[PDB]
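Below: one structure, written as structure tokens.
As a convention, Cβ positions derive from the backbone with ideal geometry for all residues, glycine included, and neighbour counts pool all protein chains shown. None of the figures in this text is laboratory data; all of them are computed from the coordinates on show.
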Amino acid sequence: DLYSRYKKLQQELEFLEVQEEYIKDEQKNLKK
Amino acid sequence: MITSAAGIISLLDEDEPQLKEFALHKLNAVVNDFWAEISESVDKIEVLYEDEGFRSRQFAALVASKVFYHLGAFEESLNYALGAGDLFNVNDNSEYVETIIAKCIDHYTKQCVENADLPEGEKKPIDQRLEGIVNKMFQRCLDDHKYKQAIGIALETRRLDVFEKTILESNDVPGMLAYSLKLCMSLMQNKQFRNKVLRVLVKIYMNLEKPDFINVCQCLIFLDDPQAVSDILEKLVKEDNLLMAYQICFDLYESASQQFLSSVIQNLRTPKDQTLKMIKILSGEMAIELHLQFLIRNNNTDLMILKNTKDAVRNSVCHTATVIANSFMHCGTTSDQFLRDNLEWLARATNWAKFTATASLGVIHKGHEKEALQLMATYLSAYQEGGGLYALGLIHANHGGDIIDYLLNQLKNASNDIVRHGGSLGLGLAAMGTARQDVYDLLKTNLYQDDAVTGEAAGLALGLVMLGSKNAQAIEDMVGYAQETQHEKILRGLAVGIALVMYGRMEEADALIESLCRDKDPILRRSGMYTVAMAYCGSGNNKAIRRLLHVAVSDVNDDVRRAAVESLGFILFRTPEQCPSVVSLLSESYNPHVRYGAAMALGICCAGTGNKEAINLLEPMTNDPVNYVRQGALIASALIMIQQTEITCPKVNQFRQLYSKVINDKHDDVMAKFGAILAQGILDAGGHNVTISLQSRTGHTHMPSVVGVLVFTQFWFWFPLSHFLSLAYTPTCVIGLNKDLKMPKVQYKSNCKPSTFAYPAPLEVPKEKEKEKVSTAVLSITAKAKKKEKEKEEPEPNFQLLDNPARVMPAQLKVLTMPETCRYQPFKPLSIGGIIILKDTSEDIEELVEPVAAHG
């Protein structure tokens, strides 16, 4: 239970940070 | 109290190794408060530890670890805690102990993960005392009757021996095995470690008192070990256990790929009736026959909606759209009633529309393998002949075999380029995954020309044939021809072909992905996006997601942006809730191509899932001012809501009304209408009997389904490929088979209301509305006249019973059973579905079920 939840949170963190990277790049292109 | 440790620290400076140790003891006793002072004097304790010591080497380590922990330098605290040795006393409710334990566990996990990938001998040694601390934690967790999550710590630390020991020497071995398999299939990513863990799991399974052969075969499918599965089957048949083998072979066909099935069949080849029918099961004759029989028996198709679309159609685009939608709604049903009724409509087609119509015929007759060849000969220019080839290939899906020689021969003896295109598509479909050298070389020869129509099919069929093989020769030849050619259509064909070739290879595809992405040809960059998708299919790989998301906004070619978004959906299909988070922002993009890619990515990801946020995102996109964004949104909504009822999703009726409205409209764009017509076809695909799921019932990725979805998405460039979605149609059937491999009349029992999984009701004609007088005018005395006239004058059943061919919706398997445990007992729960070998204990007449004629 706890290990599965920990892995879920780790994957969510990785997914959210990659999403933020994408939003930063898209914002830059939108400014251009 | 004491208020100052200065005296105790000063005791250390002396030269007496009898005073020093008492100083250390008091210092440890008081480190709970005076770490601030002791920190500046730690260096003295450091040097005192770094000598013979005389109990100083023992206690100073613990003191320095404690003071460093209080200070904040855990990296240096760990070294001294380890040097302490036996003075750590792991067994105590101390916060310092807990924190150092956590830090040591994290350090060990990091070290193991880092050094595992390195060579066998080139490994940086671990500290033995650190290993001892980790093992002490393992043993403490075991002693706490906390068997679970010791498996998790073992998984993180990458050491198996503890994992095996704790999962064996524990209660509820079945439950722990189920948890371990869930972890091994879902969360962990490293493929080599996954294979090692699965090897341990299968060893445990076999050494169990009663081996779980079904889970063993699942793990062996994951490991790609046909020799081992063949040996398991050989042992299982040598020992008298036939139902086990029946269900094992059924699941093996339903999950494993064609190459694996062929290899296991060859191993078996290397009474004999048992072996022969095992080979037949693995080849899949009975699987496809049972699926076709299921669909024909339950062919509850609706014709009035298709009639309305036909009536509303004006343009050739909408005509071919209706043809394809009919194909989808009749896929696997072998019933061409609409096409045999509207011979004038069907005959108003021309050029590639005839190709598409014949392909629709083939899709309708999907799985109808027995009368093939002669059936197409009866059904009947160059376009018609090529369409017949492609339709016959579609009928002979991934499971081809015997007809490969016929396709090879006639594509050799084909003259028209249209016929060559059709034959190449059919041969690629028939040989999908076989990787036959002769077929590949013939397709190479057919590709080695300058002609778009032939080259596109030749390249796509090359990809289908080499699928997964990772053939270096194939990649080299296809990339070289793509670079050296001059026809963008051939380029598109080769792009999809390379994408398919580099399928299922997680990290072995990265070199080719980088090459294609850095390539300057926009079609080859699109090929790189598709290669990313196919390689990291259904893995949620964050590296691939990052690459695709980067290319979706950095690249200049809108085609490549759209392909990147589609690939993103292909990657994320395994976690449907996850994708809407990605695609909500992409859907609100000023780039219409990226918006369409977002819609199609949502469709692929949530295909046959009926998610709610995906539909919420699609609906506004369904209402857009751009032309093709609407088509993409409609098709994605159909993909998502395929086989969904009003109660299950309270928007399906809304989208049905939307499709009807857009079809029956004056200004609605041609491509919007095309998308709506397709959407209807997919939504009612297979006569409400088939759903689209890229993964098998047991979680294995469904290669035919993913290939079909990808090639269908590649209809933006070529309509005839739109029929490839047929491969993505899976019958939502639970079929019970007894020992004789014949379907007996069983009664399945589902405990749910008969409206959350029922077929959409026929809507009948909308009826004629007469002319209405408008609100007869009220005058001054009308109310008085009305007053004068006034004076003068459910059960909602909670039960569901299904005959043996049981169209059970994917959500409608968790809740499914039989009445009072009838004569038939399931070999495996009625939750996985598929084909179940119902064991029987009562002997009676046992009437079978009739093999309905294949006409509809």
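If you take the square roots of the eigenvalues of the alpha-carbon gyration tensor of chain B and sort them as a ≥ b ≥ c, do you get rounded (a/c under 1.5), prolate (a/b over b/c) or oblate? It is prolate, given that a/c is not under 1.5 and a/b is the larger ratio. As a calculated quantity, the FRET efficiency between residue B:189 and residue B:4 at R0 = 45 Å, using C-beta atoms, amounts to about 0.25. Other residues whose C-beta falls under 12 angstrom from the C-beta of residue B:504 contribute a net charge of 0, scoring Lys and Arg +1 and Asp and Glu -1.
Remark: spin-label model distance residue B:852-residue A:1 equals 4.8 nm, labels positioned 7 Å along the Cα→Cβ axis.
Here the gap between residue B:91 and residue B:55, fully extended at 0.36 nm per residue and compared with their Cα-Cα distance, gives a gain of 10.8 nm.
The mean number of partner chain beta-carbon atoms within 10 angstrom of a residue's beta-carbon across peptide B:187-200 is 1. A full extension of the chain between residue B:276 and residue B:311 corresponds to an added length of 7.4 nm, given 0.36 nm per residue minus the alpha carbon distance. Applying 0.36 nm per residue to the separation of residue B:623 and residue B:416 and subtracting their alpha-carbon distance, the gain on full extension is 70.2 nm. Take each peptide in B:613-624, B:569-580, count the other Cβ atoms within 10 Å of every residue, and average; sorted highest first, the result is B:569-580, B:613-624. Is the C-alpha gyration tensor of the stretch B:715-856 telling us rounded, prolate or oblate? Criteria: a/c under 1.5 is rounded; beyond that, a/b larger than b/c is prolate, otherwise oblate. Cα axes put the stretch B:715-856 in the prolate bin. Looking at the stretch B:612-711, which trypsin sites (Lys or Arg not before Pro) are in a loop (DSSP not H, G, I, E or B) and have at most 12 other Cβ atoms within 10 Å? The qualifying sites are B:666.
Using a Förster radius of 41 Å, what is the FRET efficiency between residue B:373 and residue B:717 based on their Cβ-Cβ separation? Nearest 0.05, please. The partial results should precede the final answer.
Working: r = 30 Å, r/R0 = 0.74.
FRET efficiency, residue B:373 to residue B:717: 0.85.
Taking every Cα-Cα distance in the stretch B:340-397 and sorting them into 5 Å bins starting at zero, the pair-distance distribution P(r) comes out as 5, 22, 31, 24, 13, 4, 0 percent. With each label point set 7 Å from Cα along the Cα-Cβ vector, what nm distance links residue B:259 and residue B:759? Reported label-point gap for residue B:259 and residue B:759 is 4.1 nm. Classify the stretch B:430-561 from the C-alpha gyration tensor, please: rounded if a/c falls under 1.5, else prolate or oblate depending on whether a/b exceeds b/c. Since a/c reaches 1.5 but b/c is at least a/b, the shape of the stretch B:430-561 is classed as oblate. The alpha carbon centroids of the stretch A:17-32 and the stretch B:699-734 are separated by 33 Å. For the pair the stretch B:159-232 and the stretch B:644-666, the centres of their Cα atoms are 46 angstrom apart. Site pair residue B:782 and residue B:668 shows an inter-label distance of 3.8 nm when each label is modelled 7 Å from Cα along Cα→Cβ. Protection proxy ranking, highest mean first, for peptides B:348-359, B:57-68: B:57-68, B:348-359, where packing is the per-residue count of other beta-carbon atoms within 10 Å, averaged. Scalar couplings 3J(HN,Hα) for the stretch B:100-112, obtained by applying the Karplus form with A = 6.51, B = -1.76, C = 1.60 to θ = phi - 60°, are 5, 4, 4, 5, 5, 4, 4, 4, 5, 4, 4, 4, 5 Hz; x denotes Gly and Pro.
Peptide packing: for B:175-182, B:228-235, B:844-851, B:450-457, the average count of neighbouring Cβ atoms within 10 Å per residue gives the ranking B:450-457, B:228-235, B:175-182, B:844-851, highest mean first. The ranking of B:166, B:445 by Cβ neighbour count inside 10 Å, starting from the fewest, reads B:445, B:166.
If you take every DSSP beta bridge fully contained in chain B, what fraction is antiparallel? Give it as a percent rounded to 5.
Once the DSSP bridges in chain B are tallied, antiparallel ones form about 75 percent.
When the trypsin sites (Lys or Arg not before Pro) in the stretch B:68-177 are filtered for DSSP coil states and for at most 16 other beta-carbon atoms within 10 Å of their beta-carbon, the remaining sites are B:123, B:146. The mean number of partner chain beta-carbon atoms within 10 angstrom of a residue's beta-carbon across peptide A:1-14 is 4. Which whole-number percent of Cα pairs in the stretch B:1-146 have a distance greater than 18 Å? That fraction is 59 percent.
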